[PDB]
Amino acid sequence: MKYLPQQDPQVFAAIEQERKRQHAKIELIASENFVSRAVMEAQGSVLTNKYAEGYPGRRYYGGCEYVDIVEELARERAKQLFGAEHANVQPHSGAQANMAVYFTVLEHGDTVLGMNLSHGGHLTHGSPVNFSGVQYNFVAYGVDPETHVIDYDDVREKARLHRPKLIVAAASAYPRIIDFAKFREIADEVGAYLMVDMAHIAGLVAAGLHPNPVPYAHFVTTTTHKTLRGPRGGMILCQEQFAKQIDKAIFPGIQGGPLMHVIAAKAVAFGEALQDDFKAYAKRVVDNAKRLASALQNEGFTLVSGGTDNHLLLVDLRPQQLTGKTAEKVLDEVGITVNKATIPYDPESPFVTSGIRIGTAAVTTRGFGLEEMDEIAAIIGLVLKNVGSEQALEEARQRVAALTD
(Lines of atoms letter the chains of each structure in order from A and count residues from 1; the text may use other names and numbers.)
(Lines give C-alpha, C1' and ligand atoms only; values in the text may rest on other atoms or scores of the structure.)
Protein backbone atom coordinates (compact mmCIF):
# COMPACT_ATOMS: atom_id res chain seq x y z
CA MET A 1 0.00 0.00 0.00
CA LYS A 2 1.10 3.56 -0.73
CA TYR A 3 -1.67 5.99 0.26
CA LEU A 4 -3.42 4.33 3.21
CA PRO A 5 -0.35 4.36 5.56
CA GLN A 6 -0.13 8.18 5.32
CA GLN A 7 -3.86 8.95 5.23
CA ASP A 8 -4.94 6.66 8.06
CA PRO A 9 -2.22 5.30 10.40
CA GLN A 10 -4.86 3.72 12.68
CA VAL A 11 -6.65 1.75 9.95
CA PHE A 12 -3.33 0.78 8.34
CA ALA A 13 -1.84 -0.51 11.63
CA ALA A 14 -4.92 -2.71 12.19
CA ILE A 15 -4.89 -4.04 8.59
CA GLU A 16 -1.20 -4.92 8.96
CA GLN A 17 -1.93 -6.76 12.22
CA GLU A 18 -4.64 -8.73 10.40
CA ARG A 19 -2.34 -9.50 7.47
CA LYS A 20 0.33 -10.84 9.86
CA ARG A 21 -2.32 -12.78 11.79
CA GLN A 22 -3.46 -14.47 8.56
CA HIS A 23 0.11 -15.70 7.98
CA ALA A 24 0.84 -16.79 11.57
CA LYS A 25 -2.26 -18.83 12.43
CA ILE A 26 -3.45 -22.21 11.19
CA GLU A 27 -6.82 -21.26 9.73
CA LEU A 28 -9.23 -24.15 9.91
CA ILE A 29 -12.52 -22.21 9.75
CA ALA A 30 -14.28 -24.23 7.04
CA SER A 31 -15.79 -21.19 5.28
CA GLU A 32 -12.53 -19.26 4.97
CA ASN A 33 -9.90 -19.02 2.24
CA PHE A 34 -7.22 -16.68 0.87
CA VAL A 35 -7.94 -14.74 -2.33
CA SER A 36 -5.30 -13.96 -4.95
CA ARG A 37 -3.63 -10.56 -5.30
CA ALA A 38 -5.47 -10.13 -8.65
CA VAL A 39 -8.85 -10.56 -6.91
CA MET A 40 -7.90 -7.96 -4.28
CA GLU A 41 -6.70 -5.50 -6.96
CA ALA A 42 -10.07 -5.82 -8.72
CA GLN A 43 -11.86 -5.02 -5.41
CA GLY A 44 -9.55 -2.05 -4.87
CA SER A 45 -10.39 -0.55 -8.28
CA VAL A 46 -12.20 2.65 -9.35
CA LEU A 47 -15.29 0.55 -10.15
CA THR A 48 -16.58 1.41 -6.66
CA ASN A 49 -17.38 4.87 -8.14
CA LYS A 50 -19.97 3.59 -10.64
CA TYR A 51 -23.74 3.42 -10.09
CA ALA A 52 -25.03 0.60 -12.28
CA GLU A 53 -28.57 -0.29 -11.16
CA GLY A 54 -30.12 -2.68 -13.67
CA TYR A 55 -28.28 -5.19 -15.85
CA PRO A 56 -25.75 -5.17 -18.74
CA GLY A 57 -27.27 -3.30 -21.71
CA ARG A 58 -30.33 -2.54 -19.57
CA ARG A 59 -29.03 -0.10 -16.93
CA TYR A 60 -30.73 2.91 -15.34
CA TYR A 61 -27.57 5.04 -15.59
CA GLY A 62 -25.49 6.00 -18.61
CA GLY A 63 -21.76 5.32 -18.86
CA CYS A 64 -22.02 1.61 -17.99
CA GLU A 65 -20.40 0.32 -21.23
CA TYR A 66 -17.31 -1.00 -19.42
CA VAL A 67 -18.84 -2.19 -16.14
CA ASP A 68 -21.26 -4.07 -18.44
CA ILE A 69 -18.29 -5.89 -20.00
CA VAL A 70 -17.08 -6.81 -16.49
CA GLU A 71 -20.47 -8.07 -15.30
CA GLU A 72 -20.93 -10.07 -18.51
CA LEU A 73 -17.50 -11.67 -18.02
CA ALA A 74 -18.62 -12.68 -14.52
CA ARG A 75 -21.93 -14.12 -15.81
CA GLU A 76 -20.44 -15.98 -18.79
CA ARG A 77 -17.56 -17.46 -16.76
CA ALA A 78 -20.04 -18.56 -14.07
CA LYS A 79 -22.12 -20.32 -16.74
CA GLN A 80 -18.95 -21.94 -18.11
CA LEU A 81 -18.00 -23.05 -14.58
CA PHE A 82 -21.36 -24.51 -13.54
CA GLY A 83 -23.28 -25.08 -16.79
CA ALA A 84 -26.21 -22.95 -15.63
CA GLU A 85 -28.67 -21.37 -18.08
CA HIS A 86 -28.56 -18.04 -16.21
CA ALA A 87 -26.32 -16.32 -13.66
CA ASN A 88 -26.95 -13.31 -11.45
CA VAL A 89 -23.66 -12.04 -10.00
CA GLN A 90 -25.10 -9.01 -8.17
CA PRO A 91 -26.00 -10.50 -4.76
CA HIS A 92 -24.06 -8.63 -2.02
CA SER A 93 -23.72 -11.83 0.03
CA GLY A 94 -24.91 -15.43 0.45
CA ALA A 95 -27.67 -14.00 2.68
CA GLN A 96 -28.90 -11.73 -0.14
CA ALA A 97 -28.63 -14.49 -2.76
CA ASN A 98 -30.92 -16.68 -0.62
CA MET A 99 -33.17 -13.72 0.22
CA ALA A 100 -33.71 -13.02 -3.50
CA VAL A 101 -34.67 -16.61 -4.33
CA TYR A 102 -37.16 -16.65 -1.45
CA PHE A 103 -38.54 -13.29 -2.67
CA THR A 104 -38.95 -14.75 -6.18
CA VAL A 105 -41.04 -17.84 -5.47
CA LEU A 106 -42.50 -17.41 -1.99
CA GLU A 107 -45.17 -15.28 -0.37
CA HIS A 108 -45.05 -14.24 3.28
CA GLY A 109 -45.91 -17.27 5.43
CA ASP A 110 -45.36 -19.94 2.76
CA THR A 111 -43.95 -23.25 4.03
CA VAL A 112 -40.32 -24.08 3.24
CA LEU A 113 -38.49 -27.32 4.02
CA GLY A 114 -34.80 -26.98 4.91
CA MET A 115 -32.02 -28.88 6.65
CA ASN A 116 -32.21 -28.99 10.46
CA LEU A 117 -30.05 -26.09 11.69
CA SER A 118 -28.44 -28.30 14.36
CA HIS A 119 -27.67 -30.96 11.72
CA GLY A 120 -25.85 -28.66 9.27
CA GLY A 121 -28.48 -26.24 7.92
CA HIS A 122 -27.65 -22.54 7.63
CA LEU A 123 -29.10 -19.57 9.53
CA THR A 124 -30.78 -18.37 6.30
CA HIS A 125 -32.45 -21.79 5.98
CA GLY A 126 -35.09 -20.94 8.60
CA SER A 127 -33.63 -19.62 11.86
CA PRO A 128 -36.39 -17.98 13.94
CA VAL A 129 -34.06 -14.98 14.51
CA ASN A 130 -33.28 -14.70 10.78
CA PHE A 131 -35.54 -13.15 8.12
CA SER A 132 -36.02 -16.66 6.66
CA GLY A 133 -37.71 -18.09 9.78
CA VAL A 134 -39.57 -14.84 10.49
CA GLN A 135 -40.90 -14.32 6.94
CA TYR A 136 -41.58 -17.94 5.98
CA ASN A 137 -42.85 -21.04 7.74
CA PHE A 138 -39.77 -23.28 7.95
CA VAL A 139 -39.88 -27.00 8.71
CA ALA A 140 -36.81 -29.24 8.95
CA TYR A 141 -35.47 -32.62 7.80
CA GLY A 142 -32.78 -34.46 9.76
CA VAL A 143 -29.74 -36.69 9.44
CA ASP A 144 -29.74 -40.28 10.71
CA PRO A 145 -28.79 -40.38 14.44
CA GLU A 146 -26.13 -43.07 13.81
CA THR A 147 -24.67 -42.39 10.35
CA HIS A 148 -25.24 -38.59 10.41
CA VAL A 149 -26.16 -38.83 6.71
CA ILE A 150 -29.28 -36.99 5.49
CA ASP A 151 -32.29 -39.25 5.97
CA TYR A 152 -33.95 -39.01 2.55
CA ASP A 153 -37.09 -40.78 3.83
CA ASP A 154 -37.33 -38.01 6.43
CA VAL A 155 -36.93 -35.38 3.68
CA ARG A 156 -39.76 -37.14 1.82
CA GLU A 157 -42.06 -37.53 4.85
CA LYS A 158 -41.62 -33.89 5.93
CA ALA A 159 -42.28 -32.80 2.33
CA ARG A 160 -45.45 -34.92 2.08
CA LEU A 161 -46.77 -33.87 5.51
CA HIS A 162 -46.04 -30.13 5.34
CA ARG A 163 -46.42 -29.57 1.57
CA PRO A 164 -43.67 -26.92 1.25
CA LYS A 165 -43.67 -24.55 -1.74
CA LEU A 166 -39.87 -24.75 -1.72
CA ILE A 167 -37.34 -27.35 -0.56
CA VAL A 168 -33.83 -26.18 0.33
CA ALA A 169 -30.87 -28.56 0.12
CA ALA A 170 -27.28 -27.73 1.16
CA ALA A 171 -25.46 -26.94 4.34
CA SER A 172 -22.89 -24.97 6.33
CA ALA A 173 -21.71 -28.04 8.28
CA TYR A 174 -22.45 -31.27 6.39
CA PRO A 175 -19.34 -33.41 5.66
CA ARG A 176 -20.90 -35.76 3.07
CA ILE A 177 -22.00 -35.56 -0.57
CA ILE A 178 -25.61 -34.41 -0.97
CA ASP A 179 -27.84 -36.39 -3.34
CA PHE A 180 -29.48 -33.66 -5.44
CA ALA A 181 -31.29 -36.19 -7.66
CA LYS A 182 -33.17 -37.49 -4.61
CA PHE A 183 -34.02 -33.95 -3.49
CA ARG A 184 -35.44 -33.20 -6.95
CA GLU A 185 -37.42 -36.47 -6.98
CA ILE A 186 -38.98 -35.52 -3.62
CA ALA A 187 -39.61 -31.94 -4.82
CA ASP A 188 -41.32 -33.34 -7.93
CA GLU A 189 -43.51 -35.64 -5.81
CA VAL A 190 -44.93 -32.77 -3.74
CA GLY A 191 -44.88 -30.08 -6.49
CA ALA A 192 -42.23 -27.94 -4.75
CA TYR A 193 -39.37 -25.89 -6.18
CA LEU A 194 -35.85 -27.06 -5.31
CA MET A 195 -33.18 -24.57 -4.23
CA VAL A 196 -29.63 -25.75 -3.57
CA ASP A 197 -27.41 -23.50 -1.47
CA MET A 198 -23.96 -24.71 -2.56
CA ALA A 199 -22.00 -21.92 -0.79
CA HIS A 200 -19.61 -24.26 1.04
CA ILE A 201 -19.01 -26.68 -1.82
CA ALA A 202 -19.09 -24.35 -4.85
CA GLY A 203 -15.35 -24.72 -5.59
CA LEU A 204 -15.57 -28.51 -5.35
CA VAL A 205 -18.57 -28.51 -7.73
CA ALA A 206 -16.59 -26.30 -10.16
CA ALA A 207 -13.72 -28.81 -10.01
CA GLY A 208 -15.98 -31.86 -10.57
CA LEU A 209 -15.34 -33.20 -7.06
CA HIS A 210 -18.93 -32.92 -5.82
CA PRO A 211 -22.02 -33.61 -7.96
CA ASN A 212 -23.37 -30.47 -9.62
CA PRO A 213 -26.81 -29.34 -8.33
CA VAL A 214 -27.43 -27.18 -11.43
CA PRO A 215 -29.12 -29.94 -13.52
CA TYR A 216 -31.41 -30.88 -10.59
CA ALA A 217 -32.29 -27.55 -8.98
CA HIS A 218 -34.61 -24.76 -10.13
CA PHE A 219 -32.34 -22.35 -8.24
CA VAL A 220 -28.77 -22.63 -7.02
CA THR A 221 -27.40 -20.05 -4.61
CA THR A 222 -23.81 -19.66 -3.49
CA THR A 223 -21.25 -17.40 -1.94
CA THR A 224 -18.21 -16.52 -4.03
CA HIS A 225 -15.76 -16.60 -1.03
CA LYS A 226 -15.59 -20.14 0.42
CA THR A 227 -14.17 -23.12 -1.56
CA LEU A 228 -14.66 -21.03 -4.74
CA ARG A 229 -11.86 -18.79 -3.34
CA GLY A 230 -13.36 -15.53 -4.61
CA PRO A 231 -14.24 -12.15 -3.11
CA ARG A 232 -16.92 -11.84 -0.43
CA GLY A 233 -20.34 -11.88 -2.11
CA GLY A 234 -23.19 -13.96 -3.51
CA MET A 235 -24.48 -15.43 -6.77
CA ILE A 236 -27.62 -17.10 -8.07
CA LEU A 237 -27.75 -19.66 -10.87
CA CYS A 238 -31.06 -20.73 -12.39
CA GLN A 239 -32.96 -22.16 -15.35
CA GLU A 240 -33.69 -19.65 -18.13
CA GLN A 241 -37.42 -19.76 -17.28
CA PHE A 242 -36.64 -18.00 -13.97
CA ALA A 243 -33.96 -15.57 -15.26
CA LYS A 244 -36.27 -12.56 -15.58
CA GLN A 245 -37.92 -13.13 -12.19
CA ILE A 246 -34.59 -13.75 -10.42
CA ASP A 247 -33.02 -10.60 -11.91
CA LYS A 248 -36.08 -8.56 -10.86
CA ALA A 249 -35.87 -10.07 -7.36
CA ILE A 250 -32.29 -8.77 -6.98
CA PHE A 251 -33.17 -5.41 -8.56
CA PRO A 252 -35.51 -3.60 -7.99
CA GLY A 253 -36.58 -6.32 -5.51
CA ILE A 254 -34.08 -6.52 -2.64
CA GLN A 255 -30.96 -4.52 -3.60
CA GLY A 256 -30.03 -1.20 -5.23
CA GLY A 257 -26.70 -0.42 -6.87
CA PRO A 258 -24.48 -3.50 -7.30
CA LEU A 259 -20.85 -3.52 -6.11
CA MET A 260 -19.19 -3.33 -9.54
CA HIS A 261 -15.65 -3.61 -8.10
CA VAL A 262 -16.65 -6.81 -6.22
CA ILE A 263 -18.27 -8.10 -9.43
CA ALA A 264 -14.93 -7.47 -11.22
CA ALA A 265 -13.27 -9.53 -8.47
CA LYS A 266 -15.92 -12.23 -8.99
CA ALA A 267 -14.98 -12.39 -12.71
CA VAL A 268 -11.31 -12.71 -11.74
CA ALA A 269 -12.07 -15.55 -9.29
CA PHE A 270 -14.22 -17.37 -11.86
CA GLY A 271 -11.34 -17.00 -14.37
CA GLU A 272 -8.99 -18.58 -11.83
CA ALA A 273 -11.49 -21.41 -11.16
CA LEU A 274 -11.65 -22.23 -14.89
CA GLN A 275 -7.91 -23.00 -14.90
CA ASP A 276 -6.51 -26.53 -14.64
CA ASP A 277 -4.52 -25.59 -11.53
CA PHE A 278 -7.71 -24.73 -9.62
CA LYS A 279 -8.93 -28.29 -10.27
CA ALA A 280 -5.64 -29.61 -8.85
CA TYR A 281 -6.09 -27.27 -5.85
CA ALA A 282 -9.65 -28.47 -5.19
CA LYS A 283 -8.53 -32.12 -5.29
CA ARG A 284 -5.85 -31.29 -2.73
CA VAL A 285 -8.55 -29.67 -0.57
CA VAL A 286 -10.58 -32.91 -0.59
CA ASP A 287 -7.48 -35.15 -0.27
CA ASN A 288 -6.28 -33.03 2.68
CA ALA A 289 -9.68 -33.21 4.41
CA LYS A 290 -9.74 -37.02 4.08
CA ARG A 291 -6.17 -37.25 5.37
CA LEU A 292 -6.92 -34.88 8.26
CA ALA A 293 -10.06 -36.90 9.09
CA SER A 294 -8.09 -40.17 9.09
CA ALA A 295 -5.26 -38.62 11.11
CA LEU A 296 -7.72 -37.26 13.70
CA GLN A 297 -9.29 -40.73 14.03
CA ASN A 298 -5.77 -42.13 14.50
CA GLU A 299 -5.39 -39.67 17.41
CA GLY A 300 -8.58 -41.13 18.93
CA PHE A 301 -11.19 -38.58 17.83
CA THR A 302 -14.74 -39.42 16.74
CA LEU A 303 -15.91 -37.66 13.57
CA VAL A 304 -19.52 -36.81 12.68
CA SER A 305 -20.59 -39.26 9.90
CA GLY A 306 -17.28 -41.15 10.43
CA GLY A 307 -15.29 -38.95 8.02
CA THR A 308 -15.78 -36.60 5.06
CA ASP A 309 -16.52 -36.49 1.32
CA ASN A 310 -15.68 -32.79 1.02
CA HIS A 311 -13.57 -29.93 2.46
CA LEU A 312 -14.90 -30.11 6.00
CA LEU A 313 -15.23 -32.34 9.02
CA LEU A 314 -16.83 -32.18 12.45
CA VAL A 315 -15.24 -33.65 15.57
CA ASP A 316 -17.69 -35.04 18.13
CA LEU A 317 -15.87 -34.21 21.39
CA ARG A 318 -18.17 -36.15 23.74
CA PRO A 319 -15.72 -39.11 24.09
CA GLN A 320 -13.15 -36.61 25.47
CA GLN A 321 -15.80 -34.99 27.72
CA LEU A 322 -15.09 -31.60 26.13
CA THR A 323 -17.46 -28.96 24.79
CA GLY A 324 -16.82 -27.29 21.42
CA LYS A 325 -16.54 -23.99 23.29
CA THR A 326 -13.71 -25.35 25.47
CA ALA A 327 -11.89 -26.84 22.46
CA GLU A 328 -12.27 -23.66 20.39
CA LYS A 329 -10.87 -21.56 23.26
CA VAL A 330 -7.80 -23.70 23.97
CA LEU A 331 -6.99 -24.15 20.26
CA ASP A 332 -7.08 -20.34 19.95
CA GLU A 333 -4.43 -20.22 22.71
CA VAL A 334 -1.99 -22.17 20.50
CA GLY A 335 -2.73 -20.47 17.15
CA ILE A 336 -5.24 -22.90 15.60
CA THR A 337 -8.52 -21.33 14.47
CA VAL A 338 -11.64 -23.54 14.51
CA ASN A 339 -15.38 -23.06 15.17
CA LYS A 340 -17.40 -24.66 17.90
CA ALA A 341 -20.21 -26.53 16.12
CA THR A 342 -23.41 -28.31 17.09
CA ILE A 343 -23.22 -32.01 16.25
CA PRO A 344 -26.42 -33.86 15.25
CA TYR A 345 -28.59 -34.53 18.33
CA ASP A 346 -26.18 -32.37 20.39
CA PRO A 347 -27.08 -32.37 24.12
CA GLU A 348 -25.54 -28.89 24.48
CA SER A 349 -26.87 -25.50 23.39
CA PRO A 350 -25.65 -23.96 20.07
CA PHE A 351 -23.69 -21.50 22.24
CA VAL A 352 -21.68 -24.29 23.93
CA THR A 353 -21.88 -27.36 21.61
CA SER A 354 -20.19 -30.78 21.67
CA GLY A 355 -18.16 -30.33 18.48
CA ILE A 356 -15.69 -28.38 16.39
CA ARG A 357 -15.96 -27.71 12.65
CA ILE A 358 -12.75 -27.87 10.60
CA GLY A 359 -12.07 -27.24 6.90
CA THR A 360 -8.96 -27.51 4.70
CA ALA A 361 -9.63 -24.92 1.95
CA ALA A 362 -7.48 -22.17 3.54
CA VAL A 363 -4.46 -24.27 4.59
CA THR A 364 -4.50 -25.97 1.17
CA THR A 365 -4.33 -22.54 -0.50
CA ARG A 366 -1.20 -21.76 1.54
CA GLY A 367 0.32 -25.00 0.21
CA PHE A 368 -0.25 -27.47 3.06
CA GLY A 369 -0.36 -31.15 2.08
CA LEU A 370 -0.70 -34.64 3.58
CA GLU A 371 2.30 -34.40 5.94
CA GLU A 372 0.94 -31.10 7.28
CA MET A 373 -2.48 -32.70 7.83
CA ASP A 374 -0.83 -35.41 9.97
CA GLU A 375 0.93 -32.75 12.04
CA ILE A 376 -2.22 -30.61 12.45
CA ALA A 377 -4.06 -33.72 13.73
CA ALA A 378 -1.16 -34.53 16.10
CA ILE A 379 -1.15 -30.96 17.46
CA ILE A 380 -4.94 -31.04 18.01
CA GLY A 381 -4.52 -34.37 19.88
CA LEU A 382 -1.70 -32.93 22.00
CA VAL A 383 -3.83 -29.90 22.90
CA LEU A 384 -7.23 -31.51 23.54
CA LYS A 385 -5.72 -34.38 25.57
CA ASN A 386 -3.76 -31.93 27.74
CA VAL A 387 -5.97 -28.85 28.17
CA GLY A 388 -4.56 -28.25 31.69
CA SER A 389 -0.87 -28.46 30.77
CA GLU A 390 0.78 -25.14 29.88
CA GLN A 391 3.90 -27.02 28.76
CA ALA A 392 1.81 -29.09 26.32
CA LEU A 393 0.20 -25.89 25.01
CA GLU A 394 3.60 -24.20 24.55
CA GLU A 395 4.83 -27.25 22.62
CA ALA A 396 1.70 -27.00 20.46
CA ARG A 397 2.38 -23.29 19.97
CA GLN A 398 5.92 -24.09 18.77
CA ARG A 399 4.71 -26.81 16.38
CA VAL A 400 2.07 -24.43 14.96
CA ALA A 401 4.79 -21.81 14.35
CA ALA A 402 6.95 -24.46 12.65
CA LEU A 403 4.10 -25.12 10.19
CA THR A 404 3.45 -21.46 9.29
CA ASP A 405 7.25 -20.91 9.18
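A residue's number is simply how far along the shown sequence it sits, counting from 1.
Colleague: Can you tell me whether 304 to 312 has a higher mean C-alpha B factor than 240 to 248 in this record, or the other way round?
Modeller: 240 to 248 has the higher mean C-alpha B-factor.
Colleague: For the stretches 91 to 99 and 72 to 80, which has the higher mean C-alpha B-factor as given in the deposited record?
Modeller: Mean CA B-factor is higher for 72 to 80.
Colleague: Within this chain, which third does the Cα B-factor at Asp154 fall in: lowest, middle or highest?
Modeller: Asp154: CA B-factor falls in the middle third of its chain.
Colleague: Relative to the other modelled residues in the chain, which third contains the C-alpha temperature factor of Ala24: lowest, middle or highest?
Modeller: Top third by C-alpha B-factor.
Colleague: Would you please rank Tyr345 by its C-alpha temperature factor against the other modelled residues of its chain and give the third it falls in: lowest, middle or highest?
Modeller: For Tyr345, the deposited C-alpha B-factor lands in the highest third.
Colleague: Which third, lowest, middle or highest, does the CA B-factor of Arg229 fall in along this chain?
Modeller: It falls in the bottom third of the chain.
Colleague: Ordered by C-alpha B-factor within the chain, which third holds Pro128? Give me lowest, middle or highest, please.
Modeller: It belongs to the highest third of the chain when residues are ordered by C-alpha B-factor.
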